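>
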Amino acid sequence: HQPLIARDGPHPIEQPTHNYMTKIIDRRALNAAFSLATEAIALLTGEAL
Amino acid sequence: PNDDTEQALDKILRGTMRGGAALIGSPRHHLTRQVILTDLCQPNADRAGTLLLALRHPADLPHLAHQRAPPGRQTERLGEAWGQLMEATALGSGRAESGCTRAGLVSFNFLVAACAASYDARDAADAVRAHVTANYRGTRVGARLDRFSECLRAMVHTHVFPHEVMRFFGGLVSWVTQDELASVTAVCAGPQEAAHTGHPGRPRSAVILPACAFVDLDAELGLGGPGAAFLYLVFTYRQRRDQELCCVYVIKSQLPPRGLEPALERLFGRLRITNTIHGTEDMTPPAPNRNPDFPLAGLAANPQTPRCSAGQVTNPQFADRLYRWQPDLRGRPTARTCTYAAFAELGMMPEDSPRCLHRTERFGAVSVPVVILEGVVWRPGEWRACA
Amino acid sequence: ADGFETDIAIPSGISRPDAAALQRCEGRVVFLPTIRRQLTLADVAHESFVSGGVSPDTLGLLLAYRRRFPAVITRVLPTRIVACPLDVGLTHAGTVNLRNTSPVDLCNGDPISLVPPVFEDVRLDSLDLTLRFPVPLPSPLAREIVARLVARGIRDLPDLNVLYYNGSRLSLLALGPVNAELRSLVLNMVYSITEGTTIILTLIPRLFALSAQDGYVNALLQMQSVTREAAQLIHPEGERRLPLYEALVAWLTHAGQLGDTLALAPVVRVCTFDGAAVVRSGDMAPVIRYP
Amino acid sequence: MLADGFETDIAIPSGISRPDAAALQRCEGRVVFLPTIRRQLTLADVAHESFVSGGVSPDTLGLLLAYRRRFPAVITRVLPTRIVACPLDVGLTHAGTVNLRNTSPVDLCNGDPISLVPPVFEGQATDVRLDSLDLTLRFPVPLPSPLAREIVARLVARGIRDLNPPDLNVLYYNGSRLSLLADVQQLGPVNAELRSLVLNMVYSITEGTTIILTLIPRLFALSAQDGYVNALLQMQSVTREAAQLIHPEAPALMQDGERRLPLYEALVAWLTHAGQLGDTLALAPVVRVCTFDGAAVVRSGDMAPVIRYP
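Laid out in structure tokens, this is it:
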């Protein structure tokens, strides 16, 4: 809401301006890596138990 | 002792159910299909597990010889030879069918009997030519042999080389039959042994090759020992105004594709010398004793020799002041006419000791010396000229 | 699963005509800097290939495609562009559809290399970038079609336009800016070959001066032979010296530079299965890489 | 390539001094020349003692031909009993990726093909010794592919000086100044290199080449106008001083010139012999680099992801 003043001059303000602002947000995406070794797979699975 | 029985029982039951993707893609495998006339291929005769070779859809041929031939040779010798071959088909001689029925493939056993007169074991080679004439479904088959071998003689003379036109296509696994045309199923990439035959009575097949073209460089090089081997497709060329030669070989060797060239030189170097001497007729010499040597080593020493700057050259005021040198080259036997045997990457055998057999089969009732290979994994490659 | 898929994010602000062209470009070859999961579209565009200052020419696009990594676009979501790289992602899946931008038809069992669009265009208005897609034409034609366009440029300082493959005509001429776009490739040909054909002619001072067709073969065969007689068949042995041995090395590197450029290796082979063997223009072709 | 790949096993002899066991664990990623693709071999087969020729110790320039006769393979993991390696000409792994540690002075960039060079450079000559087994291990240096074509060109041009009773030692790359260690070269393998040159040198000369030689006055006029043409000659080429003296001109008219294209035939024969020759002297660039978490520079002394190059 644009705030207004009634100015002392009788000259016309001609229009007030009241509008809506729309903004597109943005997007980013994060990253990580977890890597496991060869023999660690079979030990969690049970192939080497 | 119970835990050892449990550990054995657990490992087998876990070993079956935990198998990833339900054993669908445990062999990596690929398949091809193509619908082609039975003109130069007889998959009814040539059974599952033989080589196939694709063509270049021969409308390109008769003017590529007009473009790429050495000067002095004939241009229309290729086109007149090919037109007689399509006459010998007696089925597609009318040319009216376009886009389909290419007769694009050539079976390997047909190509052996075309170049059969150039081999060594003539008794083995004539046995190959027998069931080509006998076991094929067609009349006057030996007429097709005489045209197509003359076509291959016309390939090398008109200098459009067959290895630029021939290309590897996968090995036979199954075929669906009709008159004059067969749906051909083949395996382009991967192991040959993984390909499902379709007959439940007889599972997986292998590679079948005639013993005329199969060459092992483990013998003549004397190199024993185990190891993997690289299968190859090797042609032979003999360029002369005479009727020319052709052969096809399948060579089993431990050598890389980067190092095959001194080995093929040791076999076919006798043919290599001939196409350097001959194969230049009729290519006219220049006038004798015309050519001077290079004064470039000589004129660079004296500063008093006249030079040119970048603003001088392309003006005739200084074109006469400089040295004039006119080379001629019309008598040069250069390497494209020094061509001979050419090869390509075909496939490898991952066995520790490669397995080869030498059996005779029918092909009723022609008994043919046949080399049977086992466990062939296909990797096609580019062609390569040894010139 | 275990199939690898690069995800290219489109920046928002697409107008309805701009997404329709990107909807249409389904099977095409697209390069990228490094194999990675998520990636912007700014590294895809033709603007990302520049060195200045200068939009890159045909010579630089051949040099870039060695360092860039080829990928074929899969289905195109409105969110992201999912594409799989050829060299790592295809070794598990095995089959990828691919649409020709080439006017030359494809037979079964052919090896296909990639050529920059020199034979002869998509630009986006709202996103302020251009797209250039290379041409997937067969590799035996690839050594030919490049060498035909080089042969035209030497004539700038019979018909070269005739190329008949599998029963079809081709017109290389079809004009203006194609010639000047290719000018840098022409100069590195002539500078390589003439520097080749002076050093060999300086080390052998009488190649041309030797007698025709019979002594030259005898000079060829002894040089062609394998035997130990090698060096005495070659070499000719204040004042300035011709720097020949340094000019050897600078020419070998320049010749060694162009070996990687003009190989045009068979990245892609097409195996037609359950369909016609001939694959024509604007048709999706299945792709199987080397195992 | 198989579905699992193919992994050779190099067995270790039982007599091991414990410091030599830790020396093998530093060889985590190196390049190993196998003579065959046999599944089981020994360390004596890998090492420099079997890698010699009959009675004669090979030099640096003669060691290149010994490479292309054999099979380069990369060690994956060092086990206490054996060493597991994967060949390169065979399809390399199940996954398509190998780690390679840089025993190289020069960092690596993405996408560049790797050829490999003997230990040549000064200072960094490092050969692992297995003194319990009395073995010596000379491991090759992985390098980018235009660099390897320089080093072969520097060595081969050095041997041609030895047949003629200055200077050529210094290279440059990324601004680094580096020379190379070499004392003598055997006269045997130089002739094998030189005969491989001049046969491929001659086979580029065809009838269209003399037509191309008429454009030598055009380039020396064109280098006046554009600096891009000045980037050719470099003042060390023959053709700058060759254009200053010789004014050649074309032969006319060619036999059967209507049917044929002489300029086209000269180029295709040139592309198959002279442009091929970067492959003919050294071995092929089988391997390029594709980092996955994108590292534009692979530093000297670090591993790198590895993918075959056609």
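Chains as they are written, first to last, in the deposited numbering: chain S, 100 to 148; chain 5, 79 to 465; chain 6, 3 to 122, 127 to 163, 174 to 190, 195 to 257, 265 to 318; chain 7, 1 to 165, 174 to 318. Idealized CB from N, CA, C, for every residue including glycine.
So is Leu259 (chain 5) in contact with chain 7 if we call contact Cβ pairs under 8 Å?
Within the second sequence, the letter at position 181 stands for residue 259 (chain 5). No, its Cβ sits nowhere closer than 8 Å to a Cβ of chain 7.
> How should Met120 (chain S) be labelled, buried or exposed, when 16 other C-beta atoms within 10 angstroms of its C-beta is the threshold for buried?
Numbered from its first residue, the first sequence carries residue 120 (chain S) at position 21. The residue in question, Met120 (chain S), is exposed, as its Cβ has fewer than 16 Cβ neighbours within 10 Å.
> So, with DSSP's three-state summary, where would you put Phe239 (chain 5)?
Looking up residue 239 (chain 5) in the second sequence gives position 161. It is coil, neither helix nor strand.
> Using 10 angstroms around the beta-carbon of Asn164 (chain 7), count the other beta-carbons present and answer buried if the total reaches 16, otherwise exposed.
Residue mapping note: residue 164 (chain 7) aligns to position 164 of the fourth sequence, counting from 1. So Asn164 (chain 7) ends up on the exposed side.
> When the Cα atoms are used, what is the spatial distance from residue 169 (chain 7) to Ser104 (chain 7)?
Missing from the coordinates: residue 169 (chain 7), inside the break in chain 7 from 165 to 174.
> Going by alpha carbons, who is nearest to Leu179 (chain 6) out of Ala143 (chain 5), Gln404 (chain 5), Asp398 (chain 5) and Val206 (chain 5)?
The residue given as residue 179 (chain 6) occupies position 163 in the third sequence. Nearest option by C-alpha distance: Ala143 (chain 5).
> Between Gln193 (chain 7) and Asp162 (chain 7), is the Cβ-Cβ spacing less than 8 Å?
On the fourth sequence, residue 193 (chain 7) is found 185 positions in, with the first residue counted as 1. On the fourth sequence, residue 162 (chain 7) is found 162 positions in, with the first residue counted as 1. A contact, by the Cβ cut-off of 8 Å.
> Determine, for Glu322 (chain 5), whether the minimum Cβ-Cβ distance to residues of chain 6 falls below 8 Å.
In the second sequence, counting from the first residue as 1, residue 322 (chain 5) sits at position 244. Not one chain 6 Cβ lies under 8 Å of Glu322 (chain 5).
> Looking at the strands, I want to know which residues DSSP matches up with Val448 (chain 5).
Indexing the second sequence from 1 puts residue 448 (chain 5) at position 370. Partner(s): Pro288 (chain 5) and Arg437 (chain 5).
> Can you list the residues of chain 5 that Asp89 (chain 7) reaches, using a CB-CB cut of under 8 Å?
For the purposes of this step, residue 89 (chain 7) is taken as the residue at position 89 of the fourth sequence. Per Cβ cutoff of 8 Å: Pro334.
> What did DSSP end up calling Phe51 (chain 7) once you bin it into helix, strand or coil?
Numbered from its first residue, the fourth sequence carries residue 51 (chain 7) at position 51. Of the three classes helix, strand and coil, the one that applies to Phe51 (chain 7) here is coil, per DSSP.
> Can you find the residues in the same chain that come closer than 6 Å, C-beta to C-beta, to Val305 (chain 7), ignoring five residues on each side of it along the sequence?
For the purposes of this step, residue 305 (chain 7) is identified with residue 297 of the fourth sequence, where counting begins at 1. Only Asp107 meet the Cβ criterion.
> For a contact meaning CB atoms closer than 9 Å, what does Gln40 (chain 6) contact in chain S?
For the purposes of this step, residue 40 (chain 6) is identified with residue 38 of the third sequence, where counting begins at 1. What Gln40 (chain 6) touches in chain S: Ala128 and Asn130.
> Taking 6 Å as the limit between beta carbons, can you name the residues of its chain near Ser308 (chain 6), skipping five residues before and five after?
In the third sequence, counting from the first residue as 1, residue 308 (chain 6) sits at position 281. If we look at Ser308 (chain 6) and ignore the five residues flanking it on each side, its Cβ neighbours are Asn102 and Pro105.
> Let me confirm a value: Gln242 (chain 6) is counted as buried when at least 16 other C-beta atoms fall within 10 Å, else exposed. Which label applies?
Indexing the third sequence from 1 puts residue 242 (chain 6) at position 222. Classification of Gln242 (chain 6): exposed, given that the 10 Å Cβ count is below 16.
> Check each residue of the stretch 273 to 286 of chain 6: if its Cβ is closer than 8 Å to any Cβ of chain 7, include it; give the result in chain order.
Listed by position along the chain: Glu273, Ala274, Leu275, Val276, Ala277, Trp278, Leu279, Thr280, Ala282, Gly283, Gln284, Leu285 and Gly286.
> Grab the span of the beta strand (DSSP E) containing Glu423 (chain 5) for me, first residue to last.
The sequence position of residue 423 (chain 5) within the second sequence is 345, counting from 1. Counting along the chain, the beta strand (DSSP E) containing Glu423 (chain 5) begins and ends at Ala420 to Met427.
> Under three-state DSSP, which class holds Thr153 (chain 5)?
For the purposes of this step, residue 153 (chain 5) is taken as residue 75 along the second sequence, with counting starting at 1. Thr153 (chain 5) falls in the coil class under three-state DSSP.
> Would you report the Cα separation of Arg316 (chain 7) and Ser14 (chain 6), rounded to the nearest angstrom?
The residue labelled residue 316 (chain 7) in the question sits at position 308 within the fourth sequence. The residue labelled residue 14 (chain 6) in the question sits at position 12 within the third sequence. In a straight line, the C-alpha of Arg316 (chain 7) is about 37 Å away from that of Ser14 (chain 6).
> Could you check if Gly111 (chain 7) is buried or exposed, using at least 16 other CB atoms within 10 Å of its CB as the buried criterion?
As a working mapping, residue 111 (chain 7) is identified with position 111 in the fourth sequence. The residue is buried, with at least 16 neighbouring Cβ atoms inside 10 Å.
> From which residue to which residue does the beta strand (DSSP E) around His255 (chain 7) run?
Walking along the fourth sequence from the start, residue 255 (chain 7) turns up at place 247. Note, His255 (chain 7): beta strand (DSSP E), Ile254 to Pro256.
> For chain 7, check one thing: does any of its Cβ atoms lie closer than 8 Å to the Cβ of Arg185 (chain 6)?
Translated into positions along the third sequence, residue 185 (chain 6) becomes position 169. No, because no Cβ of chain 7 sits closer than 8 Å to the Cβ of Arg185 (chain 6).
> Per the DSSP calculation, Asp112 (chain 6) is bridged to which residue(s)?
Along the third sequence, one-based indexing puts residue 112 (chain 6) at 110. Beta-bridge pairing links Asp112 (chain 6) to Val297 (chain 6).
> Could you check how far apart the C-beta atoms of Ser204 (chain 7) and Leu289 (chain 7) are, in whole angstroms? I think they sit under 8 Å.
Numbered from 1 along the fourth sequence, position 196 holds the residue referred to as residue 204 (chain 7). Numbered from 1 along the fourth sequence, position 281 holds the residue referred to as residue 289 (chain 7). Yes, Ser204 (chain 7) and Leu289 (chain 7) are in contact; Cβ-Cβ is about 7 Å, under 8 Å.
> Which residues does DSSP pair with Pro144 (chain 7) in a beta bridge?
By one-based count along the fourth sequence, residue 144 (chain 7) stands at place 144. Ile114 (chain 7).
> Are the stretch 354 to 362 of chain 5 and the stretch 389 to 396 of chain 5 touching, with three or more C-beta to C-beta distances below 8 Å?
No contact exists between the stretch 354 to 362 of chain 5 and the stretch 389 to 396 of chain 5.
> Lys89 (chain 5) by DSSP, collapsed to three states: which one?
Residue 89 (chain 5) sits at position 11 when you count from the first residue of the second sequence. In the structure shown, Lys89 (chain 5) sits in a helix (DSSP, three-state: H, G or I).
> Taking just the CA atoms, how far does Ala195 (chain 5) sit from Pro144 (chain 6)?
The count along the third sequence starts at 1 and reaches residue 144 (chain 6) at position 138. The count along the second sequence starts at 1 and reaches residue 195 (chain 5) at position 117. If I take the Cα positions, the gap works out to 35 Å.
> Could you tell me if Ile140 (chain S) is buried or exposed, where buried requires 16 or more neighbouring beta carbons within 10 angstroms of its beta carbon?
If you number the first sequence from 1, residue 140 (chain S) lands on position 41. When all chains shown are included, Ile140 (chain S) counts as exposed.
> Using a Cβ-Cβ cut-off of less than 7 Å, list which residues of the stretch 77 to 101 of chain 6 approach chain 7; keep chain order.
Of all residues in the stretch 77 to 101 of chain 6, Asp89, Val90 and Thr93 have a Cβ within less than 7 Å of some Cβ in chain 7.
> Can you tell which of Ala273 (chain 5), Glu439 (chain 5) and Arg414 (chain 5) has its C-alpha closest to the C-alpha of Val448 (chain 5)?
Within the second sequence, the letter at position 370 stands for residue 448 (chain 5). Of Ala273 (chain 5), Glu439 (chain 5) and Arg414 (chain 5), the residue nearest in Cα terms is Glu439 (chain 5).
> Using a cut-off of 7 Å between C-beta atoms, extract the partners of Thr179 (chain 5) located in chain 7.
Your numbering for residue 179 (chain 5) matches position 101 in the second sequence. What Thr179 (chain 5) touches in chain 7: nothing, since even the nearest Cβ is about 32 Å away.
> Counting only C-beta atoms, is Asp430 (chain 5) closer than 8 Å to chain 6 at any point?
As a first step, residue 430 (chain 5) must be located in the second sequence, where it is residue number 352. With 8 Å as the cut-off, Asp430 (chain 5) does not count as an interface residue toward chain 6.
> Spell out the partners DSSP gives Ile10 (chain 7) in its beta bridges.
In the fourth sequence, the residue the question calls residue 10 (chain 7) occupies position 10. Looking at the DSSP assignment, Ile10 (chain 7) forms a beta bridge with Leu41 (chain 7) and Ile83 (chain 7).
> Would you please state the rounded distance, in angstroms, between the beta carbons of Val90 (chain 7) and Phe6 (chain 7)? I believe it to be under 8 Å.
The residue labelled residue 90 (chain 7) in the question sits at position 90 within the fourth sequence. The residue labelled residue 6 (chain 7) in the question sits at position 6 within the fourth sequence. Indeed, because the Cβ distance is near 5 Å, the residues count as touching under 8 Å.
> Give every residue of the same chain whose Cβ lies closer than 8 Å to the Cβ of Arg296 (chain 6), excluding the five residues on either side of it in the sequence, and list them in chain order.
Within the third sequence, residue 296 (chain 6) is the residue found at index 269, counting from 1. Taken in chain order, the residues that qualify are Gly111, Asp112, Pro113, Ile114, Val314, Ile315, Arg316 and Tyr317.
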